[PDB]
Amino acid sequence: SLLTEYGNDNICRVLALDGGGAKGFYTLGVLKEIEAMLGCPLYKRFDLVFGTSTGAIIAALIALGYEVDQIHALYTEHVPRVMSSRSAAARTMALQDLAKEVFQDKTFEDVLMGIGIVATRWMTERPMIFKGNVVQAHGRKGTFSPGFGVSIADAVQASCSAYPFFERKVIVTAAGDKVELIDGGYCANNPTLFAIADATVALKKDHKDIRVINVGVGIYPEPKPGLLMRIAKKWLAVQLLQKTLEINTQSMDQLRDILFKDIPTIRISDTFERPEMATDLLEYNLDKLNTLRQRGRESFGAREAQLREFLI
């Protein structure tokens, strides 16, 4: 049904997807409406998609040409099960199962658009960004291999490996370098700035010719310690994890606005008074998470006129 076709212009259209546990049902609600407004799969209209943690799941599926409805079905099938886990080993196994089943043996040579999948290096404590094409590399292009030769499953699993509650994910690059990786949300749970870095620096696009759409997971009432103590034994570490991720997400958006006022950007992550959920790490109740789909469609509707102007 997504038969609408678009001409080519010199405008770089960038999509940046936040991480947020199983609450990306909100993200998919926003994306569904953007898809139906365009009349084409998202990879045809967007030049670059960045994602972090469970947002990298969506970003990778978009880059492989999936339609949002297909993404929603896979996301429903696998993401809540990961978050329902209540042991580190169960969480890591659930996540490994998701990665292989969803992405199989696809690689970063298989993508149909620019991509960036953000993880965090345990050793250097700096990001490792799996990319698809050398033209968005900022250096060392003689040794560039798409995705470091790593499969999309391993890159997405790394992006999601929120140690200490998941195991760290060990990777060996095509150049023969072994790296231990953890969740990308520690350095850029909101990956918009990173995506902009590719567009401005690596793709040499002028700020006038960039359109950025950054979709989050939405903002909901924070779980209080009384609830957290009943479901998590390390409740304070669980709360600290959530609060720090939120700060990283919001402060990253403020920094983008400070440094890149002249880059047209729409961020979609509205505040709601329901549902009352656990943290991103722990929430898996599909009855609550499915209502985030509607909330995402509501957030699109509040911005549809400007989104039409961005994406044409």
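Position 1 is the first residue in the sequence shown; the rest follow in order.
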Stretch exceeding the other in mean C-alpha B-factor - 241 to 249, 43 to 51: 43 to 51
Which of 5 to 13 and 18 to 26 has higher mean CA B factor, as the PDB entry lists it: 5 to 13
Given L74, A119, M123, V217, the residue at which the Cα B factor reaches its maximum: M123
Highest recorded Cα temperature factor - choice among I34, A278, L286, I57: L286
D69 by Cα B-factor - lowest, middle or highest third of the modelled chain: lowest
Record-listed C-alpha B factor of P80: chain third: middle
Lowest, middle or highest third - CA B-factor, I62: lowest
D177 CA temperature factor, ranked by third within the chain: highest
Cα B factor band for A197 (lowest, middle or highest third within the chain): middle
